[PDB]
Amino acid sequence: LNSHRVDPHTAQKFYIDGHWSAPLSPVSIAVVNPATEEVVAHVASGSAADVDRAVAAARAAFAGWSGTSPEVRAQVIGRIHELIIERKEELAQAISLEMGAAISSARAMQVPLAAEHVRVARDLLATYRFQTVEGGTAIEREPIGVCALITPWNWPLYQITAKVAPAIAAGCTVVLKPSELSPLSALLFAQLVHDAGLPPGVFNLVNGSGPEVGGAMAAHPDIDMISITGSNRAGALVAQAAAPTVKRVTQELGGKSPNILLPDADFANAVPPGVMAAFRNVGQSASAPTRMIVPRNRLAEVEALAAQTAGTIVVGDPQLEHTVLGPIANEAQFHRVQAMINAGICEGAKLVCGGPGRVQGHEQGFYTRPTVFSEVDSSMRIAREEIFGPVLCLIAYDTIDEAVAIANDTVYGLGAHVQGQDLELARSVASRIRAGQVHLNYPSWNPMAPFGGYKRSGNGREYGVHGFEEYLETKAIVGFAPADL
């Protein structure tokens, strides 16, 4: 049923300097459909020499593009956005195919939320003041230059858009390494910016492994900035690789986001949305609220409510419109999550529902059972470590002060959730969570809100004007207007 077909002519090519060119190496990367475990396509595996050709194209194109007026850059970006909306069905099918997102999920969110980043960067150029005059001193905001972008597989198009749209809008030039576990939609996206009219060399695509291609980028002497969305392990290696060239380093990494239900919350109506939030994209989301923090005298009620809403999630074939969750995105991730579930069992957590093993009736495919643990201690492995699968922890508290301490009891700080009837109280608690975003009573997504981590969830912000400013340098021209006397 899945309708995506990889272009045979460009599958094992790179997009460099306005054209698809042969890779310098013959190594291939097979792409596996997580729903069937079959290789559905191959893509090329870049070398450092390929990353060289791409950086050279980006460098050569930077003067022309940064010299293009904001209004005109905004026109190209606008057109890119139209093309995403036009080819959205094609894009939803490739995302689903490569990382198993329920086709329903791919149409409703995987693509449209990505479109939104592009829209926001377009509208943004209409008002942004690149120069400001404070007296005799003028502040000019300029593109930082050639940028390395590395993205993960869980929200593949969306994570490419959060980086490319602002980078391009700022006047930067960009070389992107997509996840080798979700390369197909990136292939469509490169074709899309080509068709949208982006000058050769402004956007460049190279496929390959993190350590080889990503490593080359992090160390390249001609790259002015690198932005990575991925694991902490990879984030730190790129930071270390980038230090001697003193690049600007932007990192969006792991999380263990808390969901505090305050005592005055409507538990029957708030536990189900939290569970659904924790298990969105089958838990494959860094900001997912996977630690639900609730009053002890209410734990047995929320346990029942969590098993109840978990048990009604339809897990199955992503090709069906009524499937809610597809499989874990790939074999490596499947086995990691499975290990985390078994670790929780072995450390004595209560298995409210779910458990290990493939989902019954989908033995082929990385289908993982939606899992809920309760009576969870903050010291447990499943409470401290990001699992990146559908595994929700229930944690009890005896005071609101205690609930905040548990929420902050983590090396991470990417996001957080608060449920409460008294809005004043809920706000004061939110301002006490050390996290880049706190969400009150399940607000809807906001494409202008800065997104990023405190502590070990990263460095920098994406989305909206904040994300746009990550790609600008800052210049002071003192004596811009001569002084008096």
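Residues carry their position along the shown sequence, with the first being 1.
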Mean C-alpha temperature factor, higher of 82-90 and 207-215: 82-90
Stretch with the higher entry mean CA B-factor, where the candidates are 352-360 and 129-137: 129-137
From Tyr397, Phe388, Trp153, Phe334, residue of greatest CA B-factor: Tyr397
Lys256 - Cα temperature factor, lowest/middle/highest third of chain: middle
CA B-factor placement of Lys163, once the chain's modelled residues are sorted into thirds: lowest
Cα B factor band for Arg73 (lowest, middle or highest third within the chain): middle
Third of the chain, ranked by Cα B-factor, where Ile328 sits: lowest
Among modelled residues of the same chain, the CA temperature factor third for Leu472: lowest
